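Given as structure tokens, the chain that follows is alone and in the form deposited in one PDB entry.
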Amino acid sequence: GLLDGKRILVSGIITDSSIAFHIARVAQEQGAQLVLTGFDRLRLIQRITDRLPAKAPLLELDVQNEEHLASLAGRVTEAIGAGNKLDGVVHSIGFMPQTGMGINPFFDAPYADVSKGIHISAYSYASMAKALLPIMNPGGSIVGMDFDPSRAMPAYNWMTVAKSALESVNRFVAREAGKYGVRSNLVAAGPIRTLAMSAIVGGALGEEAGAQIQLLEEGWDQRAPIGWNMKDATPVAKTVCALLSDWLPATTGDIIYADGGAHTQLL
């Protein structure tokens, strides 16, 4: 197994279409022993994660809750056993209020909403690294989920800005993590039909936003030299596992694109 004997924390599962659900499944297939973290709806998340190949302890983590973060390392150590540390951490957490994601004009998102989205989607990558680096082994790996924000796109709006901030945060987390012998990287995924994504395409944020997001997805498969299947998160999950493994040992502060190559082509 690619991750045999590694202890890895995976955040971000909320449904069986969450990217983190597939990260967790593949990591377990590859021999990793997991600790899961979930936000708010913990009975739902437990029921969802009962479908994973192996049972995993589930800890509550609201990344906006300073007490959750202050206690997190102790609760993880309780879950994996004293004297054991983590080898990997997966941040698969993102949120932007509807006002920031195309339900209204870009200029009409109040800063209170934007700042909540940046807190959850970008600052919390540093928050989780601060909490967990003290219980991570040398040679460990922190991975977060990205959506390439180097160019503006319709509808994604302030979530794009949040991903721009996240990419910058990752480069600073790498500086801190390196003192522990730990790498920090993001995986920039192509679009994936999660429940939230499918709802947007179905018009949950208005018809214009849904039409714009559907056009975004279609251009992706067209541009990608190997194609892109938005209904299949497994290639993204495998890429996360590659970064969690020992096989990218000189990559840190960086971004790996699991997008079919779409960002390398113009059309």
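We call the rigid core whatever largest set of C-alpha positions still superposes within 1.5 Å between the two forms. Sequential numbering from 1, following the sequence displayed. Shifts are known only where both forms have a C-alpha.
In what follows, reference is made to the form deposited in another entry, a form of this protein that is not presented.
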For this session: Of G31, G227, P53, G202, only one moves its C-alpha by 2 angstroms or more between the shown form and the other one once the rigid core is aligned, so tell me which.
Result: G202
Exercise. Any CA movement of 2 Å or more for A242 between the shown form and the other one, core superposed?
Worked result: no
Problem set entry | Large Cα shift (2 Å or above) at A70 between the shown form and the other one, core-fitted | no
Problem set entry | Core-aligned C-alpha movement of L42 between the shown form and the other one, 2 Å or more | no
For this session: Mind checking the CA-CA distance of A209 and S150 in that other deposited form? It differs by 3 Å or more from this form, so is it closer or farther?
Result: farther
Exercise. Your call: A199 and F95 CA atoms, closer or farther in that other deposited form versus the shown structure, by 3 Å or more?
Worked result: closer
Seminar exercise, completed: Once the two forms are fitted on their core, the residues forming runs of at least three in a row with C-alpha displacements of 2 Å or more between the shown form and the other one are 198-205, 207-218
